[PDB]
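Report on the structure given below.
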Protein chains: 2
Amino acid sequence: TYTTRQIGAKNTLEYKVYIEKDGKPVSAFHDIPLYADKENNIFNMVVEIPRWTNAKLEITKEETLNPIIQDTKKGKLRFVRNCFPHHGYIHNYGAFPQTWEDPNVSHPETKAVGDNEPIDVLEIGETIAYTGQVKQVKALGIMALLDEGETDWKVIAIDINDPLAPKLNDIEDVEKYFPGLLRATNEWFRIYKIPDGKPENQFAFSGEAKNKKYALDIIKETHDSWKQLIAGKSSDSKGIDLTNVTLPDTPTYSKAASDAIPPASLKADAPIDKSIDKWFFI
Amino acid sequence: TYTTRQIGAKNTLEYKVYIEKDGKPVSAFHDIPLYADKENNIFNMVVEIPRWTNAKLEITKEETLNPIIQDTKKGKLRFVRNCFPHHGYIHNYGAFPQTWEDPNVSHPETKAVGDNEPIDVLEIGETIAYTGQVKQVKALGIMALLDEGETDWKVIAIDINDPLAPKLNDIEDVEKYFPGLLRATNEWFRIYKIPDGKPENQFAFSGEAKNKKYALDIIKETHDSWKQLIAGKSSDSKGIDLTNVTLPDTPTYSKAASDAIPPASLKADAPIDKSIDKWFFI
Ligand SMILES: [Mn+2]
Ligand SMILES: [Mn+2]
Ligand SMILES: [Mn+2]
Ligand SMILES: [Mn+2]
Ligand SMILES: [Mn+2]
Ligand SMILES: [Mn+2]
Ligand SMILES: [Mn+2]
Ligand SMILES: [Mn+2]
């Protein structure tokens, strides 16, 4: 059973969320199995950012057991700006554990190196998720995002517990039940960093959303990349903390890393500067 | 100075928000002057619903001093559903005090009776407002929405304190600085009640947003209607509580109404059913 351990108050630099397995903290990056049900294509997704929020929370790569923390820019907490007609993230945003977008090789289909983090997942279900949540989803498609010139695949997924899950099995179903979502998704990842001063991003295949099978192929590739990484065989792991507590055959295995995690110190959400309210029309 | 006195916790049946003048409760409907600056046509807007929220809160016509209260639906609190690509309300939503959409007579431009309540206001500023807030705004334009067959004008306004206030003076400036907003606004009021089983709404003038001058005329008309209502000279006030504490010349004037209001009893917001999370595609 997966639960969460929160340190500090949300919206602060001290905020941390570790994922626990039977009350024992594990690495949110390496210790959670990619597959919930491999042959049925059911995955374990780690939710980082709930739909309609702004705080750029993520599984941090350079901290032991890889707790979810808030990203920063120039020493300041990072909040993704509101871009009309969107409000924060338009999907439950997160990642697939045991995956890695290899930065050391130029990916052929995109002609760019990976963005050095687990593959990204867009969960389109009706219910709003919570940070640290490990839910089971089924992949329906994938879009090749080139984020600031880097391979940044976005998987289109749906919680298996969603009332609409049995009716979704491939990408075309998405447009069927969620008309306009894929187009909005394209636009979002194209312009979300413009209010930051960054250039507009671009998509490969003209932003086309590839089907479920294509999605599985990419997911499995990034899984193998992580297999190489965790095995300690990458040419450059970039200082990523490979500490884990469930993989005894790997060189960075350390059961003790779990007990070293302080106890929960959950505090109420800290306030967010009023400027994040701003809706940008860009 | 205007402040708010909160009763109970937000998102509960006991929730109530009264507006105070120098510490004493006044009628949110009749005691708040319509004009902040009449020479400059700066209006006082009573905010009911903050942008991106779902709780259907509004100035209560049948309660003394007209505290803002959430509408109910079959014994439960009533929320407006999320209609893709929108999240709850897309504007700081409220009304202009001392105005009334006359239900006893048909409005010429729309050929329908008014919806029996203060003229509505959509504040397009960046900062998200709060319930019970009285803010000074400039009128930019107006839209003639027919809500369920009733005259339901929507004034487009901006907080004078908004960074963009100086640059917005007439309707055309809304499209110039908030491109897409007017079209999104048209669509929003047209479909927002569809998930509730209601027919799609319609707009007069093909949804055209009339300019400031036009808007000023309509507002003036609704203000004249409230003067007839507050003076008790309407043919039918529809059981509206006309109790006020600042209009000594009206038959329902009663200063003691202010002292009858219980003291604030603020409590933390109550959780909202997860089903309001749902994003409808209509
Ligand atoms: Mn980044
Ligand atoms: Mn990521
Ligand atoms: Mn990215
Ligand atoms: Mn990424
Ligand atoms: Mn109403
Ligand atoms: Mn109203
Ligand atoms: Mn209405
Ligand atoms: Mn109305």
Side-chain angles (χ1 to χ4, degrees), chain A residues 1-8 10 13-23 25-38 42-49 57-71 92-104 114-121 123 129-137 155 157 219-254 256-267:
Chain A
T1 307
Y2 290 122
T3 55
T4 58
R5 177 179 303 194
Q6 171 167 341
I7 305 273
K10 179 150 64 225
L13 285 156
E14 302 85 8
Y15 172 80
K16 298 208 211 283
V17 174
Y18 294 83
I19 287 172
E20 290 169 340
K21 177 41 155 189
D22 304 325
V26 298
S27 164
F29 195 161
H30 325 109
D31 291 319
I32 312 175
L34 162 67
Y35 301 99
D37 183 332
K38 188 185 175 282
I42 308 313
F43 304 85
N44 279 139
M45 159 188 196
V46 174
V47 177
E48 286 167 327
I49 299 166
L57 310 171
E58 78 190 34
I59 283 156
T60 207
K61 324 182 299 288
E62 304 81 21
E63 278 183 62
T64 312
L65 293 204
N66 312 102
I68 295 162
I69 68 172
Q70 180 152 4
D71 196 22
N92 287 311
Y93 195 89
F96 278 151
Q98 302 197 331
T99 60
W100 193 45
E101 290 281 25
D102 200 324
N104 302 308
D115 87 318
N116 202 35
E117 69 184 16
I119 193 164
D120 300 331
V121 184
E123 202 266 313
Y130 61 93
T131 292
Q133 185 189 357
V134 181
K135 53 161 58 190
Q136 291 60 65
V137 316
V155 178
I219 292 163
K220 278 160 208 293
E221 287 208 332
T222 64
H223 184 46
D224 290 330
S225 297
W226 168 90
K227 271 190 179 163
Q228 205 212 13
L229 172 79
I230 201 56
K233 289 166 44 278
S234 158
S235 42
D236 196 349
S237 50
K238 315 287 195 153
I240 282 171
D241 203 327
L242 306 175
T243 305
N244 65 85
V245 309
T246 74
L247 319 175
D249 286 354
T250 72
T252 50
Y253 167 73
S254 169
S258 196
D259 293 349
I261 305 300
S265 41
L266 186 144
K267 266 97 94 21

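Chain naming here is simple, since letters A, B, ... match the order of the sequence lines and numbering starts at 1 in each.
Heavy atoms only, all atoms of each residue included: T64(A) and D241(A) are closest at OG1-OD2, 2.9 Å. Heavy atoms only, all atoms of each residue included: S258(A) and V245(A) are closest at N-CG1, 4.2 Å. The two residues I68(A) and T131(A) come nearest to each other via the heavy atoms CG2-CG2, 3.7 Å. Nearest heavy-atom pair across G132(A) and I19(A) is O-CG1, 3.5 Å. Nearest heavy-atom pair, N104(A) versus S234(A), reported as atom, atom and distance to 0.1 Å: ND2-OG, 3.3 Å. Taking every heavy atom of both residues into account, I59(A) and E48(A) meet most closely at N-OE2, 2.9 Å.
Of the possible donor and acceptor atoms, none in the side chain of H30(A) sits under 3.5 Å from a partner among the backbone N and O of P97(A). Counting only distance, with no hydrogens or angles, the side chain of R5(A) and the backbone of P262(A) share a donor-acceptor pair below 3.5 Å. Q136(A) places no side-chain N or O within donor-acceptor distance of the main-chain N or O of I42(A), the cut-off being under 3.5 Å. Side-chain atoms of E62(A) never come within 3.5 Å of backbone atoms of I240(A) as a donor-acceptor pair (strictly under, hydrogens ignored).
Within a 6.0 Å radius of NZ in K220(A), more than 12 heavy atoms belonging to other residues, nucleotides or ligands are found.
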Where do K135(A) and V47(A) land on the side-chain contact (heavy atoms from CB on, under 4.5 Å) test, with the steps shown first? CA-CA 8 Å; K135(A) 53 161 58 190; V47(A) 177; 4.0 Å; yes
When you look at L34(A) and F43(A), which way does the side-chain contact (heavy atoms from CB on, under 4.5 Å) test go after all the steps? CA-CA 6 Å; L34(A) 162 67; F43(A) 304 85; 3.6 Å; yes
Walk me through it: do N92(A) and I49(A) pass the test side-chain contact (heavy atoms from CB on, under 4.5 Å)? CA-CA 6 Å; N92(A) 287 311; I49(A) 299 166; over 6 Å; no
Check the pair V46(A), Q133(A) against side-chain contact (heavy atoms from CB on, under 4.5 Å), reporting the backbone distance first and the verdict last. CA-CA 6 Å; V46(A) 174; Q133(A) 185 189 357; over 6 Å; no
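Considering OG1 of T99(A) and CD1 of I219(A), their distance stands at 9.0 Å, rounded to 0.5 Å. To the nearest 0.5 Å, atoms OH (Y93(A)) and CG (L57(A)) are separated by 12.5 Å. Put simply, OH on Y253(A) and CG on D31(A) are 9.5 Å apart, with the number rounded to the nearest 0.5 Å. Interatomic distance, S237(A) OG to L229(A) CG, rounded to the nearest 0.5 Å: 6.0 Å. Atom OG of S265(A) and atom NZ of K267(A) lie 7.0 Å apart (nearest 0.5 Å). In this structure, the separation between CD1 on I261(A) and CD on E20(A) is 10.0 Å, given to the nearest 0.5 Å.
Inspection of the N66(A) and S27(A) side chains reveals an N or O donor paired with an N or O acceptor under 3.5 Å. A donor-acceptor contact closer than 3.5 angstrom is absent between the side chains of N44(A) and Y2(A). No hydrogens or angles considered: nothing links the side chains of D102(A) and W226(A) as a donor-acceptor pair under 3.5 Å. A side-chain donor from one of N244(A) and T250(A) sits under 3.5 Å from a side-chain acceptor of the other.
Using a 4.0 Å cut-off between a side-chain N of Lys or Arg and a carboxylate O of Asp or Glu, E63(A) and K16(A) qualify as a salt bridge.
Taking the six-membered ring wherever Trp is involved, the centroid distance between the rings of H223(A) and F96(A) does not fall below 6.0 Å.
A cation-pi arrangement is absent between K61(A) and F29(A), since the terminal nitrogen or guanidinium carbon is not both under 6.0 Å from the aromatic centre and inside a 45° cone about the axis.
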